[PDB]
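Each remark here refers to the structure printed beneath this line.
Every heavy atom of this structure was used, including side-chain atoms; hydrogens, water molecules and symmetry mates were not. A, B, ... follow the sequence lines: proteins, then strands. Residue 1 opens every chain.
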Amino acid sequence: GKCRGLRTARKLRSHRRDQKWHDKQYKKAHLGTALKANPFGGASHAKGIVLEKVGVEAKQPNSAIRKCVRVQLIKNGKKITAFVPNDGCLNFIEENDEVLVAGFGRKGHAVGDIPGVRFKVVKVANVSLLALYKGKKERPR
Amino acid sequence: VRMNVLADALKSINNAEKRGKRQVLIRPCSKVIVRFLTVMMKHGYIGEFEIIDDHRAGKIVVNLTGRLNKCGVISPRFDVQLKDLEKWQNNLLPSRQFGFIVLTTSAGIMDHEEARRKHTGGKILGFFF
Amino acid sequence: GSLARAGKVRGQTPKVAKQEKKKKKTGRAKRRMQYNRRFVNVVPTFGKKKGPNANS
Amino acid sequence: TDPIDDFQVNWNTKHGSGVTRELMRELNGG
Amino acid sequence: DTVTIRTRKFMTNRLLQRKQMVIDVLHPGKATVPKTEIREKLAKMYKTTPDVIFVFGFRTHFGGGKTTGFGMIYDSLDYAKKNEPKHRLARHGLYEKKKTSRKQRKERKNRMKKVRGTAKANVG
Amino acid sequence: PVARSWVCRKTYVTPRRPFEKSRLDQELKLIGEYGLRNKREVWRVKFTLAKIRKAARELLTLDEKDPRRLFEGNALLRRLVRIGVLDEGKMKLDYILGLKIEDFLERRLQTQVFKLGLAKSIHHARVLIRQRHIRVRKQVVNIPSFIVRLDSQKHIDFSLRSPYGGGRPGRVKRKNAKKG
RNA sequence: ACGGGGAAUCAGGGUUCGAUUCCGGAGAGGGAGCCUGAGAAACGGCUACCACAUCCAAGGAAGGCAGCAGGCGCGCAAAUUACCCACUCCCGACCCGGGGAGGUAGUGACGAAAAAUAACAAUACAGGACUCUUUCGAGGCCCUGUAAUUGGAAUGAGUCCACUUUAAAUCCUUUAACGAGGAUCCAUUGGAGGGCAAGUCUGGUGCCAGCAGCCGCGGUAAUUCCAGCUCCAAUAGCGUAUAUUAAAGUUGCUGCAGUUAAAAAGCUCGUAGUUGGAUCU
């Protein structure tokens, strides 16, 4: 059992503090290795330059080509792969243009049948992909 | 080794009452045990008890009337102020209609209602209901 | 594994124009209409407790 | 169509959740 | 239908040689009463010339009923000129604000900081 | 540093479960029966009632001769009786916990001008209040959420400048009379 | 990592945050050293060095926006090179001068409060009646609707006048004039298999394109993609990403576990730590 003494506060507090490091989420948040490894570096979004269009194969139970883009982030020169969500939206992206990319929704984890992809394109050339998809706006010329 | 003879006495009373026995033997006896038992008995929860006097440390034979659901000890004896008493009652007692928290205060050993009447706090010994 | 087909289904989907309909009420009137449809009208009910957008 | 029957047949199919919902709609509510 | 004036929290300020009051204006069907009309109505009500009466801060209530403002009645025009704010005198045509702007004065002052002596008067 | 104040609070709380069917039914019933604009009005009344219950619960935990319990409970009961929600004979803290959300929604100016007969319905009541046709005592009130007090209950009229009250028939009537 | 007052969340415990208007500290590109002074190691003071950098007739001279605006850069990420000392106060020799302190306006869906986008009546349906009763039917008693029927009443969004506001204005408030029928003066954002409220309706596509937080959908009726219609959720708001809180009794003090699911040291001794029998009116 655990100690129950009026003078065990140091023991209890210290044991809790040592045992909190075996919490995966607590350790990931407080160790600093995950923040260093994060390409966004703690940001919610990041602007990058599209290097090439890459087609990502959906995982084995499904079958599709997930149209992604490799982008290089302006802030730190890191190369990530970002999903271009809707259909025909890869046609809205050219090569060597600026795109705003956000997380994919799992806080750094891959989503669905898209291996190794944890980012999605939000804007292209300072125009949202939703506006171009719905026809509300057109990419600049 | 045994610490907290009151914990042993309360666990023995609880185990005997859960088996439906009419009497329970408690050893060793102590002043705190006798006062806690008196508080239990004044509220009709145990009944009469006899202090067997041997020249080392007495024993108590407690007559059980099956009105007791749980008698327990609270270790350590946390200091309880009159403000913390409501939170302790919510934690320990099964209802606001019945059940008692026993404290040792400078005015003696008494339930929580009697400690509110005398406007005193103290250290929590245990509870019964 | 090619990017040649990227807007296939949306491109080849036949285009249907939206039909013109009277404007939907907004604000308190819409809530009044919903309350009347759900608690003052009973004729649509037949005992099966079917949904509001049932098609069979 | 009786939703009890639809649930009996299609509960293990692609429409198991839908027939479960329809069965629950019929079972309680009137 | 007639505009009605009432005086609520009245005080005789001998320290500033005036009377101060909270003015209530009842205009049930008309716009906010002009400050002039209130000045003549108070002059009639307190038996004084209108030019010693300074009224300000008239807030019309919601719904179009009464308007509440403040008023001072000075013992004499000279005391009013001595004690009133310059803007409330200029509202009566008794004071002329400086015709220049803050920027012009500031940059002029910073220009004369460079010249020394009587030449300080040549910069403008 | 500024001479401004940044004191503001939300007057409602969104429910934890967004699609509880029973809760949706009750909230829609309240909206329809009191002519409310959205669910946020229901949640606002729910929140004020909840905070009143929280205060009453906190006070009921106290000693019956605590000066703070006496003072604050008397104040809360007085404020509840004054707005017409609690009966003057039910002047105990335990009757606060028996109050319902419909007791507060019945004291709205919209509900009151519907009950007093000035409106053909509750939605007519709302559009009559928002159109400056209603005054409380001498003051024109524009707000349908105006909680009418007991002493203010008996003075709710049609305003002295409304077509339904005083004179000056409205813009449409004047246009029609001019056109013949 | 400036500290605190404090903030978010929270049943009772707690967790996380606090650059940020109040108090305290520190700094004025980085160091260092001083003058004056009651008070400074002051930078809208000086002296030097390091970095950067302005003008030059090359001899020399001058610099410090983490003040208010403004620019560049950086980035996911943040506004006017505006008006004024009228208020609040401060400074001076001063009732008088000055104050980018501060106030006012501008940009502003950070966020918070209130709150439109219709209401009513008459005929035709439909519903029930606490109507005759007859489950044939008679039925303006209370109701409901595509009437995209009819009709007038109401009003403010807007335009605009005069006050009022104010240092001068603006904005509210007030008054008058014009201002509604498809009241075209048109509400959106996400969804409709489950979790989770609401379509195994129709057309297209055919493991493609895509959807899908998760389970899963799509390989020729796809309840899930692309659309039309319809429906529902919140609503002047709603979706997405990320941090964080509750949910998490999945960090357990309250309050978790440890035979087999993750787990008790191979076994004893042992200092600190923790915990310690009865008994004194």
Touch class at under 4.0 angstrom, heavy-atom based, for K20(A) against every strand present: base
Where do N or O atoms of nucleotides 278-281 of chain G meet protein N or O atoms at under 3.5 Å, pair by pair?
from: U279(G); atom 1: OP1; to: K31(B); atom 2: N; distance (Å): 2.6
from: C280(G); atom 1: OP2; to: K31(B); atom 2: NZ; distance (Å): 2.7

Touch class at under 4.0 angstrom, heavy-atom based, for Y164(F) against every strand present: sugar-phosphate
Paired, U134(G) vs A113(G), Watson-Crick or G-U, distances below 3.5 Å: no
First of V16(C) and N41(C) reached from the 5' end of RNA chain G, by closest nucleotide: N41(C)
Sugar-phosphate only, base, or nothing, as touched by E57(A) at under 4.0 Å among non-hydrogen atoms: nothing
Closest to side chain of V19(D), choosing from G216(G), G99(G), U200(G): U200(G)
Donor-acceptor pair under 3.5 Å, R171(F) side chain vs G156(G) base: yes
Consecutive bases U250(G), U251(G) stacked per 5.5 Å and 30° rule: no
Per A102(A) side chain, nearest of listed nucleotides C120(G), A115(G), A241(G): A241(G)
Sugar-phosphate, base or nothing in reach of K66(E), heavy atoms under 4.0 Å: nothing
Sugar-phosphate, base or nothing in reach of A31(E), heavy atoms under 4.0 Å: base
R132(F) (side chain) and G156(G) (base): donor-acceptor pair under 3.5 Å: no
Sugar-phosphate, base or nothing in reach of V40(C), heavy atoms under 4.0 Å: sugar-phosphate
Rounded distance in Å between the P positions of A176(G) and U155(G): 11 Å
Touch class at under 4.0 angstrom, heavy-atom based, for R88(E) against every strand present: nothing
Sugar-phosphate, base or nothing in reach of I65(A), heavy atoms under 4.0 Å: sugar-phosphate
Whole-Å gap separating P (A115(G)) and CZ (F62(E)): 12 Å
Face-to-face contact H15(D) to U200(G) six-ring, under 5.5 Å, under 30°: yes
Sugar-phosphate only, base, or nothing, as touched by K14(D) at under 4.0 Å among non-hydrogen atoms: base
Sugar-phosphate only, base, or nothing, as touched by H87(E) at under 4.0 Å among non-hydrogen atoms: sugar-phosphate
Residue whose closest nucleotide on RNA chain G lies nearer the 5' end, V42(C) versus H27(E): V42(C)
OP1 or OP2 of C211(G) under 4.0 Å from side-chain N/O of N86(A): yes
Donor-acceptor pair present, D113(A) side chain and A212(G) base, under 3.5 Å: yes
Touch class at under 4.0 angstrom, heavy-atom based, for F56(E) against every strand present: sugar-phosphate
Polar side-chain contact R59(E)-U173(G) base: donor and acceptor under 3.5 Å: no
Donor + acceptor pair across side chains of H61(E), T68(E) (<3.5 Å): yes
Consecutive bases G73(G), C74(G) stacked per 5.5 Å and 30° rule: yes
Nearest to side-chain heavy atoms of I143(F), which nucleotide of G75(G), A115(G), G216(G): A115(G)
Sugar-phosphate, base or nothing in reach of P76(B), heavy atoms under 4.0 Å: nothing
Sugar-phosphate only, base, or nothing, as touched by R17(A) at under 4.0 Å among non-hydrogen atoms: nothing
Sugar-phosphate only, base, or nothing, as touched by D87(A) at under 4.0 Å among non-hydrogen atoms: sugar-phosphate
Test: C68(G) stacks on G67(G) (six-ring centres under 5.5 Å, planes under 30°): yes
Rounded distance in Å - NZ (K8(C)) to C1' (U205(G)): 5 Å
